[PDB]
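File shown here: target-v2.csv, holding CSV, C-alpha atoms and all ligand atoms.
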```csv
chain,number,residue,atom,x,y,z
A,8,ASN,CA,108.6,26.2,-57.6
A,9,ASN,CA,107.4,29.7,-56.8
A,10,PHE,CA,104.6,28.3,-54.7
A,11,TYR,CA,104.3,26.0,-51.7
A,12,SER,CA,101.4,24.4,-49.8
A,13,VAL,CA,100.3,24.5,-46.1
A,14,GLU,CA,97.3,22.8,-44.5
A,15,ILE,CA,95.0,25.2,-42.6
A,16,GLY,CA,92.4,23.0,-41.0
A,17,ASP,CA,90.7,21.2,-43.9
A,18,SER,CA,91.9,23.8,-46.3
A,19,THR,CA,95.1,23.7,-48.4
A,20,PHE,CA,96.7,27.1,-48.9
A,21,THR,CA,99.0,27.1,-51.9
A,22,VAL,CA,100.8,30.5,-51.9
A,23,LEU,CA,103.8,32.4,-53.2
A,24,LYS,CA,106.9,31.6,-51.2
A,25,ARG,CA,107.2,35.2,-49.9
A,26,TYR,CA,104.3,34.4,-47.5
A,27,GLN,CA,105.5,32.4,-44.5
A,28,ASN,CA,104.1,31.0,-41.3
A,29,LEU,CA,100.4,31.2,-42.1
A,30,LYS,CA,98.2,31.1,-39.0
A,31,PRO,CA,94.4,31.3,-39.2
A,32,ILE,CA,92.8,34.3,-37.6
A,33,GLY,CA,89.2,33.8,-38.7
A,34,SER,CA,86.7,32.8,-41.3
A,35,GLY,CA,83.7,34.2,-43.2
A,36,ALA,CA,81.5,32.8,-45.9
A,37,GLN,CA,83.8,34.7,-48.4
A,38,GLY,CA,86.6,32.4,-47.3
A,39,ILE,CA,89.4,31.6,-44.8
A,40,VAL,CA,91.8,34.2,-43.6
A,41,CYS,CA,95.4,33.7,-42.3
A,42,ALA,CA,98.1,36.1,-41.0
A,43,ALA,CA,101.4,35.5,-42.8
A,44,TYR,CA,104.8,37.2,-42.7
A,45,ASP,CA,105.6,38.6,-46.1
A,46,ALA,CA,109.3,38.3,-46.5
A,47,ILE,CA,109.5,40.9,-49.3
A,48,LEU,CA,107.7,43.7,-47.6
A,49,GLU,CA,109.0,42.6,-44.2
A,50,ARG,CA,105.7,42.8,-42.3
A,51,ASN,CA,102.7,40.7,-41.5
A,52,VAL,CA,99.8,40.5,-43.9
A,53,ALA,CA,96.3,38.9,-44.1
A,54,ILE,CA,95.8,36.3,-46.9
A,55,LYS,CA,92.3,35.4,-47.9
A,56,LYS,CA,91.5,32.3,-50.0
A,57,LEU,CA,88.2,32.8,-51.8
A,58,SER,CA,85.6,30.2,-51.1
A,59,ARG,CA,84.6,28.5,-54.4
A,60,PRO,CA,84.4,31.8,-56.4
A,61,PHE,CA,83.0,30.0,-59.5
A,62,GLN,CA,80.7,27.7,-57.5
A,63,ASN,CA,77.7,29.5,-58.9
A,64,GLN,CA,76.4,32.9,-60.1
A,65,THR,CA,76.3,34.5,-56.7
A,66,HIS,CA,79.9,33.5,-55.7
A,67,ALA,CA,81.4,34.6,-59.0
A,68,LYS,CA,79.5,37.9,-58.9
A,69,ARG,CA,80.6,38.6,-55.3
A,70,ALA,CA,84.2,37.6,-56.0
A,71,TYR,CA,84.4,39.8,-59.0
A,72,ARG,CA,82.9,42.8,-57.1
A,73,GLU,CA,85.3,42.5,-54.1
A,74,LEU,CA,88.3,42.3,-56.5
A,75,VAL,CA,87.2,45.4,-58.5
A,76,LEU,CA,86.3,47.5,-55.5
A,77,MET,CA,89.5,46.7,-53.6
A,78,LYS,CA,91.5,47.8,-56.6
A,79,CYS,CA,89.8,51.2,-56.8
A,80,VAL,CA,89.5,52.3,-53.2
A,81,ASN,CA,92.7,53.5,-51.5
A,82,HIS,CA,92.7,55.2,-48.1
A,83,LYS,CA,94.4,54.7,-44.7
A,84,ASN,CA,91.1,53.9,-42.9
A,85,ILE,CA,90.1,51.1,-45.3
A,86,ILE,CA,91.8,47.7,-45.5
A,87,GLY,CA,94.0,47.9,-48.6
A,88,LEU,CA,94.8,45.3,-51.3
A,89,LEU,CA,98.5,44.4,-51.4
A,90,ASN,CA,98.5,41.6,-53.9
A,91,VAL,CA,96.3,39.1,-55.7
A,92,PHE,CA,97.4,35.8,-57.2
A,93,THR,CA,96.4,32.3,-58.3
A,94,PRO,CA,98.6,29.1,-58.3
A,95,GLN,CA,96.8,27.9,-61.5
A,96,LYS,CA,98.5,28.6,-64.8
A,97,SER,CA,95.6,29.0,-67.3
A,98,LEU,CA,91.9,30.0,-67.5
A,99,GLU,CA,91.2,26.3,-68.0
A,100,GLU,CA,92.8,25.1,-64.7
A,101,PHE,CA,91.9,28.4,-62.9
A,102,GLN,CA,90.5,27.4,-59.5
A,103,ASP,CA,91.7,29.5,-56.6
A,104,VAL,CA,92.0,33.3,-55.9
A,105,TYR,CA,94.1,34.6,-53.0
A,106,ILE,CA,93.8,38.1,-51.9
A,107,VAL,CA,96.6,39.6,-49.8
A,108,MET,CA,95.7,42.5,-47.5
A,109,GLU,CA,96.9,44.7,-44.7
A,110,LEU,CA,96.8,43.1,-41.3
A,111,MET,CA,95.6,44.8,-38.1
A,112,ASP,CA,95.6,43.6,-34.5
A,113,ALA,CA,92.0,43.1,-33.4
A,114,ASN,CA,88.4,43.8,-34.3
A,115,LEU,CA,86.4,46.4,-32.4
A,116,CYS,CA,84.4,43.9,-30.3
A,117,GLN,CA,87.2,43.5,-27.9
A,118,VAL,CA,87.8,47.2,-27.5
A,119,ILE,CA,84.2,48.3,-27.3
A,120,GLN,CA,83.3,46.8,-23.9
A,121,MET,CA,86.4,48.1,-22.2
A,122,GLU,CA,86.6,51.6,-20.7
A,123,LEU,CA,87.5,54.2,-23.4
A,124,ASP,CA,88.4,57.8,-22.6
A,125,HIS,CA,86.9,60.6,-24.8
A,126,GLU,CA,90.1,61.1,-26.8
A,127,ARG,CA,90.4,57.4,-27.9
A,128,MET,CA,86.6,57.3,-28.3
A,129,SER,CA,86.5,60.4,-30.5
A,130,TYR,CA,89.6,59.6,-32.6
A,131,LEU,CA,88.5,56.1,-33.5
A,132,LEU,CA,85.1,57.5,-34.5
A,133,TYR,CA,86.9,60.2,-36.6
A,134,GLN,CA,88.9,57.5,-38.4
A,135,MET,CA,85.7,55.5,-39.0
A,136,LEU,CA,84.0,58.6,-40.4
A,137,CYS,CA,87.0,59.2,-42.7
A,138,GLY,CA,86.8,55.7,-44.0
A,139,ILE,CA,83.1,55.9,-44.5
A,140,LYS,CA,83.4,59.3,-46.4
A,141,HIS,CA,85.9,57.8,-48.8
A,142,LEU,CA,83.7,54.7,-49.5
A,143,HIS,CA,80.8,57.0,-50.2
A,144,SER,CA,82.9,59.2,-52.6
A,145,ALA,CA,83.6,56.0,-54.6
A,146,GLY,CA,79.9,55.3,-54.7
A,147,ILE,CA,80.0,52.5,-52.1
A,148,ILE,CA,77.4,52.6,-49.3
A,149,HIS,CA,78.1,50.0,-46.7
A,150,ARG,CA,75.0,49.4,-44.6
A,151,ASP,CA,76.6,46.5,-42.7
A,152,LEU,CA,79.0,48.4,-40.4
A,153,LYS,CA,79.5,46.5,-37.1
A,154,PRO,CA,82.2,46.0,-34.5
A,155,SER,CA,83.3,42.8,-36.1
A,156,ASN,CA,84.2,44.4,-39.5
A,157,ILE,CA,86.0,47.4,-38.1
A,158,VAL,CA,89.6,46.6,-37.1
A,159,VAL,CA,92.1,48.4,-34.9
A,160,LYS,CA,95.9,48.4,-34.2
A,161,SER,CA,97.8,48.8,-30.9
A,162,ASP,CA,98.7,52.3,-32.1
A,163,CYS,CA,95.1,53.3,-32.0
A,164,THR,CA,94.7,53.2,-35.8
A,165,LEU,CA,91.5,51.9,-37.3
A,166,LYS,CA,90.4,50.5,-40.7
A,167,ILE,CA,87.0,49.5,-42.1
A,168,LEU,CA,87.4,45.9,-43.1
A,169,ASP,CA,85.1,45.5,-46.2
A,170,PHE,CA,82.5,47.0,-48.4
A,171,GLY,CA,79.2,45.7,-46.9
A,172,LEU,CA,75.9,44.8,-48.6
A,173,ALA,CA,75.3,44.0,-52.3
A,189,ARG,CA,71.2,42.7,-37.4
A,190,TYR,CA,71.8,44.9,-34.3
A,191,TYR,CA,73.5,47.8,-36.1
A,192,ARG,CA,71.5,48.0,-39.3
A,193,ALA,CA,69.5,51.2,-40.1
A,194,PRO,CA,65.7,51.4,-40.0
A,195,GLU,CA,65.5,52.1,-43.7
A,196,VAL,CA,67.3,48.8,-44.2
A,197,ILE,CA,65.3,46.5,-41.9
A,198,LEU,CA,62.1,48.1,-43.2
A,199,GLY,CA,63.0,47.6,-46.9
A,200,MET,CA,62.9,51.3,-47.7
A,201,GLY,CA,65.3,53.3,-49.8
A,202,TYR,CA,68.5,54.5,-48.2
A,203,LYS,CA,71.1,57.1,-48.7
A,204,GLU,CA,74.7,57.9,-47.6
A,205,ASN,CA,73.6,58.6,-44.0
A,206,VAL,CA,72.3,55.1,-43.5
A,207,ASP,CA,75.9,54.4,-42.4
A,208,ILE,CA,75.6,57.2,-39.7
A,209,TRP,CA,73.0,55.1,-37.9
A,210,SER,CA,75.6,52.2,-37.6
A,211,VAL,CA,78.2,54.7,-36.3
A,212,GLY,CA,75.7,55.8,-33.7
A,213,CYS,CA,74.9,52.2,-32.7
A,214,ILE,CA,78.6,51.6,-32.3
A,215,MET,CA,79.4,54.8,-30.4
A,216,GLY,CA,76.3,54.2,-28.3
A,217,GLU,CA,77.8,50.7,-27.5
A,218,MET,CA,81.2,52.2,-26.6
A,219,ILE,CA,79.4,54.1,-23.8
A,220,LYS,CA,76.7,52.0,-22.3
A,221,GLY,CA,79.0,49.0,-22.6
A,222,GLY,CA,76.6,46.9,-24.5
A,223,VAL,CA,74.5,46.4,-27.6
A,224,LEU,CA,71.8,49.2,-27.8
A,225,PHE,CA,69.3,47.2,-29.8
A,226,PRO,CA,70.0,43.5,-29.3
A,227,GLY,CA,67.0,42.3,-31.3
A,228,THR,CA,66.4,38.6,-31.0
A,229,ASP,CA,64.8,38.7,-34.4
A,230,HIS,CA,64.0,41.2,-37.2
A,231,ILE,CA,60.6,41.7,-35.5
A,232,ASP,CA,62.0,42.1,-32.0
A,233,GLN,CA,64.6,44.4,-33.6
A,234,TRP,CA,62.3,47.2,-34.7
A,235,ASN,CA,60.5,46.9,-31.3
A,236,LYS,CA,63.7,47.5,-29.3
A,237,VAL,CA,64.5,50.5,-31.6
A,238,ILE,CA,61.1,52.3,-31.2
A,239,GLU,CA,60.9,51.2,-27.6
A,240,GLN,CA,64.1,53.1,-26.9
A,241,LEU,CA,63.7,56.0,-29.3
A,242,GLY,CA,60.0,56.3,-29.7
A,243,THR,CA,57.5,55.8,-32.6
A,244,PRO,CA,58.6,57.6,-35.8
A,245,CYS,CA,56.4,60.5,-36.8
A,246,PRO,CA,53.8,60.6,-39.7
A,247,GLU,CA,56.4,61.8,-41.7
A,248,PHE,CA,58.0,58.4,-42.2
A,249,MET,CA,55.1,56.0,-42.1
A,250,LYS,CA,53.9,57.9,-45.2
A,251,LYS,CA,57.2,56.8,-46.8
A,252,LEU,CA,56.4,53.2,-45.9
A,253,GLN,CA,55.3,50.7,-48.4
A,254,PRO,CA,51.7,49.4,-47.8
A,255,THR,CA,52.3,45.9,-46.6
A,256,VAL,CA,54.9,47.1,-44.1
A,257,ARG,CA,53.4,50.5,-43.5
A,258,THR,CA,50.5,48.7,-41.9
A,259,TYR,CA,52.4,46.5,-39.5
A,260,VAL,CA,54.6,49.4,-38.4
A,261,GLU,CA,51.4,51.4,-38.0
A,262,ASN,CA,49.6,48.6,-36.0
A,263,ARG,CA,52.4,48.2,-33.5
A,264,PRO,CA,51.7,49.6,-30.0
A,265,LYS,CA,52.6,53.3,-29.6
A,266,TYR,CA,55.9,53.5,-27.8
A,267,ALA,CA,56.8,56.9,-26.3
A,268,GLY,CA,60.5,57.6,-26.4
A,269,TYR,CA,63.0,58.2,-23.6
A,270,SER,CA,65.5,61.0,-23.7
A,271,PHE,CA,69.2,60.7,-24.6
A,272,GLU,CA,70.1,61.9,-21.1
A,273,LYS,CA,67.9,59.0,-20.0
A,274,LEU,CA,69.4,56.6,-22.6
A,275,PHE,CA,73.0,57.7,-22.1
A,276,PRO,CA,73.2,59.3,-18.5
A,277,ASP,CA,76.2,61.1,-17.0
A,278,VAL,CA,76.8,58.0,-14.8
A,279,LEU,CA,78.4,56.3,-17.8
A,280,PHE,CA,80.9,58.9,-19.1
A,281,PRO,CA,84.5,59.4,-17.9
A,290,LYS,CA,82.8,66.4,-23.5
A,291,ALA,CA,80.3,63.8,-22.4
A,292,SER,CA,77.4,66.2,-23.0
A,293,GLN,CA,78.9,66.3,-26.5
A,294,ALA,CA,78.9,62.6,-27.2
A,295,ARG,CA,75.3,62.8,-26.2
A,296,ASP,CA,74.5,65.5,-28.7
A,297,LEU,CA,76.2,63.7,-31.6
A,298,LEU,CA,74.4,60.5,-30.6
A,299,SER,CA,71.0,62.2,-30.6
A,300,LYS,CA,71.9,63.4,-34.1
A,301,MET,CA,73.0,60.0,-35.4
A,302,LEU,CA,70.5,57.7,-33.7
A,303,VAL,CA,67.5,59.2,-35.6
A,304,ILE,CA,65.1,56.8,-37.1
A,305,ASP,CA,63.9,59.3,-39.8
A,306,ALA,CA,67.1,59.5,-42.0
A,307,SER,CA,66.0,62.9,-43.3
A,308,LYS,CA,66.7,64.3,-39.8
A,309,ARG,CA,69.8,62.2,-39.2
A,310,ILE,CA,73.1,64.0,-39.4
A,311,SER,CA,75.4,63.6,-42.4
A,312,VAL,CA,79.0,62.3,-42.6
A,313,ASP,CA,80.4,65.7,-43.5
A,314,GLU,CA,78.5,67.4,-40.6
A,315,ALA,CA,79.4,64.5,-38.3
A,316,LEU,CA,83.1,65.1,-39.2
A,317,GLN,CA,83.0,68.8,-38.4
A,318,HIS,CA,80.9,68.2,-35.2
A,319,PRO,CA,82.7,69.4,-32.1
A,320,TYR,CA,83.1,66.0,-30.5
A,321,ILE,CA,84.9,64.9,-33.7
A,322,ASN,CA,86.4,68.0,-35.4
A,323,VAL,CA,89.5,68.1,-33.1
A,324,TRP,CA,91.4,65.7,-35.2
A,325,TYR,CA,90.6,67.2,-38.6
A,326,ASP,CA,93.2,66.8,-41.4
A,327,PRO,CA,92.2,67.7,-45.0
A,328,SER,CA,94.3,64.9,-46.6
A,329,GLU,CA,92.4,62.2,-44.7
A,330,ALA,CA,88.9,63.8,-44.6
A,331,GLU,CA,88.6,64.7,-48.3
A,345,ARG,CA,75.0,42.8,-65.7
A,346,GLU,CA,74.5,39.0,-66.1
A,347,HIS,CA,77.1,36.5,-67.2
A,348,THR,CA,77.6,32.8,-67.4
A,349,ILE,CA,79.9,31.1,-64.9
A,350,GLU,CA,82.5,30.8,-67.6
A,351,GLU,CA,82.2,34.5,-68.4
A,352,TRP,CA,82.5,35.4,-64.7
A,353,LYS,CA,85.5,33.1,-64.5
A,354,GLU,CA,87.2,34.9,-67.4
A,355,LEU,CA,86.4,38.4,-66.0
A,356,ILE,CA,87.8,37.4,-62.6
A,357,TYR,CA,90.9,35.9,-64.2
A,358,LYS,CA,91.6,39.2,-65.9
A,359,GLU,CA,91.5,41.0,-62.5
A,360,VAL,CA,93.9,38.5,-61.0
A,361,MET,CA,96.4,38.7,-63.9
B,154,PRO,CA,95.8,68.0,-30.7
B,155,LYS,CA,98.3,65.2,-30.5
B,156,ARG,CA,96.2,62.1,-31.5
B,157,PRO,CA,96.5,59.1,-29.2
B,158,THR,CA,99.2,56.7,-30.2
B,159,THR,CA,98.3,53.7,-28.2
B,160,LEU,CA,95.1,51.6,-27.6
B,161,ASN,CA,94.8,48.8,-25.0
B,162,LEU,CA,93.8,45.5,-26.4
C,401,LIG,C1,89.3,37.8,-36.3
C,401,LIG,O1,90.0,38.5,-37.4
C,401,LIG,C2,89.8,39.9,-37.5
C,401,LIG,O2,89.1,40.5,-36.7
C,401,LIG,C3,90.5,40.4,-38.6
C,401,LIG,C4,91.5,41.3,-38.3
C,401,LIG,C5,92.0,41.8,-36.9
C,401,LIG,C6,92.9,40.8,-36.3
C,401,LIG,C7,94.2,40.5,-36.8
C,401,LIG,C8,95.0,39.5,-36.2
C,401,LIG,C9,94.6,38.7,-35.1
C,401,LIG,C10,95.4,37.6,-34.6
C,401,LIG,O3,94.9,36.6,-34.1
C,401,LIG,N1,96.8,37.8,-34.6
C,401,LIG,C11,97.7,36.9,-34.0
C,401,LIG,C12,99.0,37.5,-33.4
C,401,LIG,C13,99.9,38.2,-34.6
C,401,LIG,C14,100.3,37.2,-35.6
C,401,LIG,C15,99.0,36.5,-36.2
C,401,LIG,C16,98.2,35.8,-35.1
C,401,LIG,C17,99.0,34.7,-34.4
C,401,LIG,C18,100.3,35.4,-33.8
C,401,LIG,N2,101.1,34.4,-33.2
C,401,LIG,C19,101.1,36.0,-35.0
C,401,LIG,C20,99.9,36.4,-32.7
C,401,LIG,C21,93.2,39.0,-34.6
C,401,LIG,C22,92.4,40.0,-35.2
C,401,LIG,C23,92.3,41.9,-39.5
C,401,LIG,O4,93.2,42.7,-39.3
C,401,LIG,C24,91.9,41.5,-40.9
C,401,LIG,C25,92.6,42.0,-42.0
C,401,LIG,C26,92.3,41.6,-43.3
C,401,LIG,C27,91.3,40.7,-43.5
C,401,LIG,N3,90.6,40.2,-42.4
C,401,LIG,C28,90.9,40.6,-41.1
C,401,LIG,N4,90.2,40.0,-40.0
C,401,LIG,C29,89.1,39.0,-40.2
C,401,LIG,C30,87.7,39.4,-40.1
C,401,LIG,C31,86.7,38.4,-40.3
C,401,LIG,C32,87.1,37.1,-40.7
C,401,LIG,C33,88.4,36.7,-40.8
C,401,LIG,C34,89.4,37.7,-40.6
```

Write the structure described by the file as structure tokens, please.
Amino acid sequence: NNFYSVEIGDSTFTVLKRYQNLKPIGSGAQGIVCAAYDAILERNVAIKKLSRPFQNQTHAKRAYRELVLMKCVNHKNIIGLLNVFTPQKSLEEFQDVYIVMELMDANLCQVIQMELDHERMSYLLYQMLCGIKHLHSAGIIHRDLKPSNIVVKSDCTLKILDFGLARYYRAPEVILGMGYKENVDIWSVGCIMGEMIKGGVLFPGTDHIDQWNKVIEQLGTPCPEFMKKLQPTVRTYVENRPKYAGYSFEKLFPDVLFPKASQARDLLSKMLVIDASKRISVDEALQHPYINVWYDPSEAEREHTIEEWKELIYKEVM
Amino acid sequence: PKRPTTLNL
């Protein structure tokens, strides 16, 4: 009585009556996502039906993590949880989890190729940095930031869509199987900002192998001083590769491309650094001139059985 | 100052 069903492609959405006019906007392997009008909040929301959360150990573990993390994080530059529910009435029948979220207007792919001024370029990057800083404070390090999981609204607001890992934009320390720290996400922000300017993917690696090539081709070979940090089986391959001398950032991002300018180039040369120990940090990036104009202190500061995962998840839903 | 309030989609 409180629920009704609507067919979305091959999927049946059974949702609380407050959610009306479901239209699909996309799909991931986590599940299908519709925009709906929520009659009680009087605004549009995103509703995600989880893909077979108890299918196996990996699904359940990932469903549980998303649910727990969404509930703890709370910040204007991160997609927020509004509601979670299931149409099933007991742990026994428990099948489906629906997550209701804030809805934006577009992902960043369709804004990134267009011509952005410095003010909109800088302010989106500021919001991205604010969202990243908050994720880090909650002990969440993303590592998978890309234009398709950053979303924007027609008022120039921006939110980070999800929580990432646990290949164009991924950091060296990630594609080389090294350790990483917080500023692994700064690389991705550099790759995105670099894309906002050139008008195209900076390191469009056809494969993981071509991926490191394109990086070092553009930026040069990393110094000793990094190889030394490399595990032997990969330290060798990286070491065997042909020595690529690096261009300059004036060369990579020339004045021909800008509408500042010299600033976006400085920040870029500080973010797009292969050796993370020389890469700038989120806090420094925030107070960096090209960014610090917008500053506001209130924004910028186990194993289980499938049945046990199913029980844990069910608690989170209730 | 004054943050943008519109973006073109
Ligand atoms: C592709 O989806 C996103 O980038 C996307 C956007 C931006 C967007 C939001 C809405 C639309 C969209 O198509 N809006 C349409 C307008 C406004 C209403 C909904 C539909 C159809 C309509 N007639 C009414 C016009 C497009 C992008 C979110 O805000 C979003 C929010 C929470 C969860 N996922 C989201 N995804 C997404 C990401 C990966 C996989 C699945 C979903």

May I ask you to write as an MDAnalysis selection string all residues lying at most 6 Å from ligand LIG 401 (chain C), with only C-alpha atoms and all ligand atoms counted? chainID A and resid 30 32:35 40 42 53 108:114 158

Return as a Markdown table the residues of chain A lying at most 6 Å from chain B, together with the closest atom-to-atom pair for each and the distance in Å to one decimal, counting all atoms listed in the file, with rows in chain order and ascending residue number.
```
| residue | atom | partner | partner_atom | distance |
| --- | --- | --- | --- | --- |
| A:161 | CA | B:160 | CA | 5.1 |
| A:162 | CA | B:159 | CA | 4.2 |
| A:163 | CA | B:160 | CA | 4.7 |
```

Polymer residues at most 10 Å from residue 233 (chain A), all atoms listed in the file, same-chain spacing of 2 or more positions, as a ChimeraX atom specification: /A:189-192,194,197,225-231,235-239

Can you work out the spacing between CA of residue 265 (chain A) and CA of residue 251 (chain A) in Å, to one decimal?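 It comes out at 18.1 Å.
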
Give as JSON, numbers by chain the set of residues within 12 Å of the point (86.3, 56.2, -25.0), where distances use the file's coordinates and only C-alpha atoms. {"A": [118, 119, 120, 121, 122, 123, 124, 125, 126, 127, 128, 129, 130, 131, 132, 163, 214, 215, 216, 217, 218, 219, 220, 221, 279, 280, 281, 290, 291, 294, 320], "B": [157, 160, 161]}

Reconstructed region 191-216 of chain A, atom set N, CA and C atoms, as an mmCIF file, in the frame of the given file:
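Output saved as part13.cif:
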```
data_model
loop_
_atom_site.group_PDB
_atom_site.id
_atom_site.type_symbol
_atom_site.label_atom_id
_atom_site.label_comp_id
_atom_site.auth_asym_id
_atom_site.auth_seq_id
_atom_site.Cartn_x
_atom_site.Cartn_y
_atom_site.Cartn_z
ATOM 1 N N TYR A 191 72.984 46.500 -35.733
ATOM 2 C CA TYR A 191 73.500 47.800 -36.100
ATOM 3 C C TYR A 191 72.910 48.405 -37.332
ATOM 4 N N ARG A 192 72.079 47.616 -38.008
ATOM 5 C CA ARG A 192 71.500 48.000 -39.300
ATOM 6 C C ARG A 192 70.412 49.074 -39.153
ATOM 7 N N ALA A 193 70.408 50.013 -40.092
ATOM 8 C CA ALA A 193 69.500 51.200 -40.100
ATOM 9 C C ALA A 193 68.044 50.790 -40.278
ATOM 10 N N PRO A 194 67.129 51.605 -39.732
ATOM 11 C CA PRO A 194 65.700 51.400 -40.000
ATOM 12 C C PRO A 194 65.346 51.275 -41.437
ATOM 13 N N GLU A 195 65.866 52.167 -42.277
ATOM 14 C CA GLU A 195 65.500 52.100 -43.700
ATOM 15 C C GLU A 195 65.944 50.816 -44.335
ATOM 16 N N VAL A 196 66.866 50.109 -43.686
ATOM 17 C CA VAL A 196 67.300 48.800 -44.200
ATOM 18 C C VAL A 196 66.488 47.649 -43.729
ATOM 19 N N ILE A 197 66.147 47.630 -42.444
ATOM 20 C CA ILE A 197 65.300 46.500 -41.900
ATOM 21 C C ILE A 197 63.842 46.692 -42.310
ATOM 22 N N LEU A 198 63.453 47.881 -42.769
ATOM 23 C CA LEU A 198 62.100 48.100 -43.200
ATOM 24 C C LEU A 198 61.967 48.068 -44.756
ATOM 25 N N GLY A 199 63.069 47.777 -45.438
ATOM 26 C CA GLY A 199 63.000 47.600 -46.900
ATOM 27 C C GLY A 199 62.727 48.905 -47.632
ATOM 28 N N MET A 200 63.087 50.031 -47.024
ATOM 29 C CA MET A 200 62.900 51.300 -47.700
ATOM 30 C C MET A 200 64.101 51.629 -48.591
ATOM 31 N N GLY A 201 64.072 52.807 -49.204
ATOM 32 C CA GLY A 201 65.300 53.300 -49.800
ATOM 33 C C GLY A 201 66.243 53.780 -48.731
ATOM 34 N N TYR A 202 67.489 54.001 -49.117
ATOM 35 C CA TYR A 202 68.500 54.500 -48.200
ATOM 36 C C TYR A 202 69.373 55.502 -48.924
ATOM 37 N N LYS A 203 70.107 56.298 -48.158
ATOM 38 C CA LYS A 203 71.100 57.100 -48.700
ATOM 39 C C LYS A 203 72.427 57.017 -47.913
ATOM 40 N N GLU A 204 73.394 57.869 -48.231
ATOM 41 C CA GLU A 204 74.700 57.900 -47.600
ATOM 42 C C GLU A 204 74.589 57.773 -46.033
ATOM 43 N N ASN A 205 73.643 58.486 -45.423
ATOM 44 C CA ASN A 205 73.600 58.600 -44.000
ATOM 45 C C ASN A 205 72.968 57.413 -43.283
ATOM 46 N N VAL A 206 72.581 56.422 -44.065
ATOM 47 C CA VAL A 206 72.300 55.100 -43.500
ATOM 48 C C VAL A 206 73.498 54.570 -42.705
ATOM 49 N N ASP A 207 74.727 54.891 -43.122
ATOM 50 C CA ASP A 207 75.900 54.400 -42.400
ATOM 51 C C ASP A 207 76.112 55.199 -41.060
ATOM 52 N N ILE A 208 75.568 56.408 -40.974
ATOM 53 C CA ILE A 208 75.600 57.200 -39.700
ATOM 54 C C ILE A 208 74.882 56.481 -38.602
ATOM 55 N N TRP A 209 73.760 55.834 -38.915
ATOM 56 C CA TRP A 209 73.000 55.100 -37.900
ATOM 57 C C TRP A 209 73.973 54.036 -37.243
ATOM 58 N N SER A 210 74.631 53.219 -38.063
ATOM 59 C CA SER A 210 75.600 52.200 -37.600
ATOM 60 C C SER A 210 76.650 52.821 -36.696
ATOM 61 N N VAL A 211 77.152 53.991 -37.085
ATOM 62 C CA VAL A 211 78.200 54.700 -36.300
ATOM 63 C C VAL A 211 77.625 55.103 -34.952
ATOM 64 N N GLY A 212 76.346 55.485 -34.955
ATOM 65 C CA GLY A 212 75.700 55.800 -33.700
ATOM 66 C C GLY A 212 75.448 54.603 -32.824
ATOM 67 N N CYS A 213 75.012 53.487 -33.407
ATOM 68 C CA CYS A 213 74.900 52.200 -32.700
ATOM 69 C C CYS A 213 76.196 51.797 -32.045
ATOM 70 N N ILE A 214 77.296 51.944 -32.790
ATOM 71 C CA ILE A 214 78.600 51.600 -32.300
ATOM 72 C C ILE A 214 79.109 52.518 -31.176
ATOM 73 N N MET A 215 78.988 53.819 -31.404
ATOM 74 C CA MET A 215 79.400 54.800 -30.400
ATOM 75 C C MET A 215 78.510 54.668 -29.165
ATOM 76 N N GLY A 216 77.234 54.354 -29.378
ATOM 77 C CA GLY A 216 76.300 54.200 -28.300
ATOM 78 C C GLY A 216 76.750 52.946 -27.448
#
```
